[PDB]
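**Q** Submitted below is the structure of interest, expressed as C-alpha cells.
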Amino acid sequence: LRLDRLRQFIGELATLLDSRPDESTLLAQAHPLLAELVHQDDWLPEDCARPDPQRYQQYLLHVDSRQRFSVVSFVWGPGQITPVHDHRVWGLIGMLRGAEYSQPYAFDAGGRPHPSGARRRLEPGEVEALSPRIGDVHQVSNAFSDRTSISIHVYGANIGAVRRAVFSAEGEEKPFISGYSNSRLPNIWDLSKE
Ligand SMILES: [Fe+2]
C-alpha cells in the first residue's frame with residue numbers, strides 16, 4: 001500500500017489550511033490535492049474498503065488535531081443509496097473506484113425538497129465540492145447495482161460527530177449523526193513497515 005500518498009495529502013491539506021484561506025479558496029486549492037490522491041487506487045487499506053450487505057460503510061481514515069478536517073472512506077455495496085441529507089460543513093468528495101450518482105436538492109418555502117439541478121455521475125479520479133454556502137443538500141447512490149463503489153471524503157470537521165439531518169420527500173426533518181463503521185483507525189504512520 002502507498003500510504004505515503006495518503007500521508008502526503010493529509011500534510012498538504014493541513015498546510016493549505018494553515019494559510020487560513022476562505023472556504024472558496026480552500027475548496028478550489030484542495031480540489032487538486034484530493035484528485036491526485038484518488039487518481040490512483042493503490043493506497044486504501046482493505047479493511048477500509050469492505051462493503052456491508054445492509055448499509056454502506058463509513059471508515060474514518062484520519063482526523064486533524066484541531067478537527068479542521070476529517071478523511072473518510074465511503075463504501076457502497078451494490079445498489080446502496082443515502083436518503084436526502086445535509087452536511088453543515090465544507091466537503092470534497094473524490095471518487096476512488098466504481099461510480100456514484102449525486103443529485104443536489106433545494107427546499108421550497110414550505111419545507112419540501114426538490115432536485116435543484118442535473119444529477120451528476122462521478123467517475124474515478126473526479127472530485128466534487130459541497131458546503132452550506134454553495135449547496136449542502138443532496139442524495140447519493142452507487143451508480144452500479146452489480147459492484148462495490150468507493151469514494152474518499154474530506155469534511156471540514158469530525159463529520160461522524162456533526163449533528164445534521166435527513167429529509168423526507170414531504171420535507172420532514174430528522175436529526176442525524178452518522179458515526180463511523182470502524183472502532184479502530186488504520187495505522188498509516190509506521191514507516192518501518194514499508
Ligand atoms: Fe453526503
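Convention: chains lettered A, B, ... in C-alpha cells order; per-chain residue numbering from 1; ligands numbered from 1 as shown.
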How would you write, as a list in words, the set of residues no farther than 8 Å from ligand 1 when counting only C-alpha atoms and all ligand atoms?

**A**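 Sorted by chain and then by number, the residues are residues 82, 85, 86, 87, 137, 138, 139 and 140 of chain A.
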
**Q** I need the residues from that last selection saved to file as a short mmCIF file (atom, residue, chain, number, x, y, z; two decimals), in the first residue's frame (with N, CA and C atoms), if you can.

**A**
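File again03.cif, as written:
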```
data_model
loop_
_atom_site.label_atom_id
_atom_site.label_comp_id
_atom_site.auth_asym_id
_atom_site.auth_seq_id
_atom_site.Cartn_x
_atom_site.Cartn_y
_atom_site.Cartn_z
N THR A 82 -28.16 6.74 -0.17
CA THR A 82 -28.46 7.55 1.00
C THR A 82 -29.85 8.13 0.87
N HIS A 85 -30.03 14.50 2.51
CA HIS A 85 -29.43 14.94 3.77
C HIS A 85 -28.47 16.13 3.58
N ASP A 86 -28.11 16.80 4.68
CA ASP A 86 -27.12 17.89 4.61
C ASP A 86 -25.79 17.52 5.28
N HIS A 87 -24.90 18.50 5.45
CA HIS A 87 -23.56 18.25 5.98
C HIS A 87 -23.14 19.31 7.00
N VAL A 137 -27.19 20.17 0.31
CA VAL A 137 -28.17 19.09 0.38
C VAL A 137 -28.25 18.24 -0.88
N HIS A 138 -28.12 16.93 -0.71
CA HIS A 138 -28.15 16.01 -1.86
C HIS A 138 -28.57 14.59 -1.49
N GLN A 139 -28.75 13.76 -2.51
CA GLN A 139 -28.93 12.33 -2.35
C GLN A 139 -27.91 11.62 -3.24
N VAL A 140 -27.21 10.65 -2.68
CA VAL A 140 -26.13 9.97 -3.38
C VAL A 140 -26.44 8.49 -3.42
#
```

**Q** Can you tell me which residues surround residue 1 of chain A at a distance of at most 12 Å, considering only C-alpha atoms, apart from same-chain residues fewer than 2 positions away, and format the answer as a ChimeraX atom specification?

**A** /A:3-7,40-46,186-188,191,193-194

**Q** Take the residues from that selection and put them in a file with C-alpha atoms, as an mmCIF file, in the first residue's frame.

**A**
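In the end it all went to part_17.cif:
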```cif
data_model
loop_
_atom_site.group_PDB
_atom_site.id
_atom_site.type_symbol
_atom_site.label_atom_id
_atom_site.label_comp_id
_atom_site.auth_asym_id
_atom_site.auth_seq_id
_atom_site.Cartn_x
_atom_site.Cartn_y
_atom_site.Cartn_z
ATOM 1 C CA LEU A 3 0.246 5.034 2.443
ATOM 2 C CA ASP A 4 2.901 7.700 1.768
ATOM 3 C CA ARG A 5 0.492 9.242 -0.772
ATOM 4 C CA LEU A 6 -2.215 9.435 1.917
ATOM 5 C CA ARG A 7 0.261 10.929 4.391
ATOM 6 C CA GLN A 40 -4.545 6.038 -8.460
ATOM 7 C CA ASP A 41 -6.205 3.337 -6.328
ATOM 8 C CA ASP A 42 -3.175 1.797 -4.618
ATOM 9 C CA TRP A 43 -3.222 3.056 -1.024
ATOM 10 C CA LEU A 44 -6.567 2.313 0.681
ATOM 11 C CA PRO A 45 -6.293 -0.436 3.375
ATOM 12 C CA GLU A 46 -8.526 -3.350 2.507
ATOM 13 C CA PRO A 186 -5.655 2.164 10.141
ATOM 14 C CA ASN A 187 -2.127 2.876 11.387
ATOM 15 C CA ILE A 188 -0.793 4.835 8.432
ATOM 16 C CA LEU A 191 7.016 3.782 8.151
ATOM 17 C CA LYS A 193 6.751 -1.473 7.954
ATOM 18 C CA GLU A 194 7.261 -0.057 4.465
#
```

**Q** Can you tell me which residues surround residue 59 of chain A at a distance of at most 10 Å, considering only C-alpha atoms, apart from same-chain residues fewer than 3 positions away, and format the answer as an MDAnalysis selection string?

**A** chainID A and resid 47:50 56 62 71:75 152 160 179:186

**Q** Have a look at A:169, A:92, A:37, A:13 and name the one nearest to residue 113 of chain A; count only C-alpha atoms.

**A**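 Among the listed residues, A:169 lies closest to residue 113 of chain A.
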
**Q** Separation of atom CA of residue 144 of chain A and atom CA of residue 32 of chain A, in Å?

**A**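 According to the coordinates, atom CA of residue 144 of chain A and atom CA of residue 32 of chain A are separated by 25.8 Å.
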
**Q** Can you list, as a PyMOL selection string, all residues belonging to segment 50-147 of chain A that DSSP tags as strand (DSSP E or B)?

**A** chain A and resi 57-63+70-76+81+84-85+91-97+100-107+113-115+120-122+127-131+135+138-142

**Q** Which residue, A:22, A:90, A:35, A:100, has the smallest gap to residue 148 of chain A when you use only C-alpha atoms?

**A** A:100

**Q** Per residue of segment 76-100 of chain A within 10 Å of segment 121-125 of chain A, what are the shortest atom pair and its distance in Å to one decimal, counting only C-alpha atoms, with rows by chain and residue number, as CSV?

**A**
```
residue,atom,partner,partner_atom,distance
A:93,CA,A:122,CA,9.2
A:94,CA,A:125,CA,6.5
A:95,CA,A:124,CA,4.6
A:96,CA,A:124,CA,5.0
A:97,CA,A:124,CA,5.4
A:98,CA,A:124,CA,6.7
A:99,CA,A:123,CA,5.3
A:100,CA,A:122,CA,5.6
```

**Q** Within 12 Å of segment 114-118 of chain A, which residues of segment 33-108 of chain A come that close, and what is the closest atom pair and distance in Å for each? Count only C-alpha atoms and give it as a Markdown table.

**A**
```
| residue | atom | partner | partner_atom | distance |
| --- | --- | --- | --- | --- |
| A:84 | CA | A:114 | CA | 10.0 |
| A:101 | CA | A:118 | CA | 10.3 |
| A:102 | CA | A:118 | CA | 8.7 |
| A:103 | CA | A:115 | CA | 6.6 |
| A:104 | CA | A:116 | CA | 5.5 |
| A:105 | CA | A:115 | CA | 4.3 |
| A:106 | CA | A:116 | CA | 5.4 |
| A:107 | CA | A:114 | CA | 6.1 |
| A:108 | CA | A:114 | CA | 7.6 |
```

**Q** When distances are computed from only C-alpha atoms, which of A:163, A:174, A:147, A:133 shows the smallest separation from residue 24 of chain A?

**A**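 Closest residue, counting only C-alpha atoms: A:133.
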
**Q** Nearest to residue 156 of chain A: which of A:168, A:131, A:142, A:178 is it, counting only C-alpha atoms?

**A**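 Under the stated criterion, the closest residue is A:131.
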
**Q** Need the shell around residue 14 of chain A: protein/DNA/RNA residues with any atom at most 10 Å away, counting only C-alpha atoms. Skip same-chain ones fewer than 6 positions apart. Format as an MDAnalysis selection string?

**A** chainID A and resid 8 30 64:65 68:69

**Q** Write out as a ChimeraX atom specification all residues of segment 7-175 of chain A that backbone DSSP assigns to helix (DSSP H, G or I).

**A** /A:7-18,23-39,46-49,159-161

**Q** Could you please take those selected residues and save C-alpha atoms as a PDB file, in the first residue's frame?

**A**
```pdb
ATOM      1  CA  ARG A   7       0.261  10.929   4.391  1.00  0.00           C
ATOM      2  CA  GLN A   8       1.257  13.465   1.736  1.00  0.00           C
ATOM      3  CA  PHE A   9      -2.367  14.501   1.120  1.00  0.00           C
ATOM      4  CA  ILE A  10      -3.020  14.964   4.843  1.00  0.00           C
ATOM      5  CA  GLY A  11       0.150  17.020   5.222  1.00  0.00           C
ATOM      6  CA  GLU A  12      -0.557  19.218   2.200  1.00  0.00           C
ATOM      7  CA  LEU A  13      -4.215  19.829   3.091  1.00  0.00           C
ATOM      8  CA  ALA A  14      -3.134  20.788   6.589  1.00  0.00           C
ATOM      9  CA  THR A  15      -0.526  23.100   5.048  1.00  0.00           C
ATOM     10  CA  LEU A  16      -3.135  24.784   2.835  1.00  0.00           C
ATOM     11  CA  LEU A  17      -5.386  25.180   5.876  1.00  0.00           C
ATOM     12  CA  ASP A  18      -2.510  26.753   7.820  1.00  0.00           C
ATOM     13  CA  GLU A  23     -13.860  28.386   2.068  1.00  0.00           C
ATOM     14  CA  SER A  24     -13.874  29.241  -1.640  1.00  0.00           C
ATOM     15  CA  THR A  25     -10.054  29.357  -1.850  1.00  0.00           C
ATOM     16  CA  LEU A  26      -9.828  26.225   0.285  1.00  0.00           C
ATOM     17  CA  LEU A  27     -12.185  24.174  -1.881  1.00  0.00           C
ATOM     18  CA  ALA A  28     -10.514  25.452  -5.044  1.00  0.00           C
ATOM     19  CA  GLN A  29      -6.963  24.612  -3.970  1.00  0.00           C
ATOM     20  CA  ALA A  30      -7.753  21.315  -2.171  1.00  0.00           C
ATOM     21  CA  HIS A  31      -9.624  20.037  -5.221  1.00  0.00           C
ATOM     22  CA  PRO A  32      -6.395  19.008  -6.996  1.00  0.00           C
ATOM     23  CA  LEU A  33      -4.878  17.680  -3.734  1.00  0.00           C
ATOM     24  CA  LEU A  34      -7.662  15.114  -3.437  1.00  0.00           C
ATOM     25  CA  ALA A  35      -7.935  14.342  -7.152  1.00  0.00           C
ATOM     26  CA  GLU A  36      -4.281  13.424  -7.143  1.00  0.00           C
ATOM     27  CA  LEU A  37      -4.948  11.075  -4.219  1.00  0.00           C
ATOM     28  CA  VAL A  38      -7.874   9.339  -5.938  1.00  0.00           C
ATOM     29  CA  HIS A  39      -6.291   9.299  -9.393  1.00  0.00           C
ATOM     30  CA  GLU A  46      -8.526  -3.350   2.507  1.00  0.00           C
ATOM     31  CA  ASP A  47     -10.061  -3.022   5.974  1.00  0.00           C
ATOM     32  CA  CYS A  48     -11.319   0.390   4.931  1.00  0.00           C
ATOM     33  CA  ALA A  49     -12.716  -0.835   1.605  1.00  0.00           C
ATOM     34  CA  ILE A 159     -18.052  14.528  10.316  1.00  0.00           C
ATOM     35  CA  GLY A 160     -19.061  11.495  12.344  1.00  0.00           C
ATOM     36  CA  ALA A 161     -19.759  13.800  15.263  1.00  0.00           C
TER      37      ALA A 161
END
```
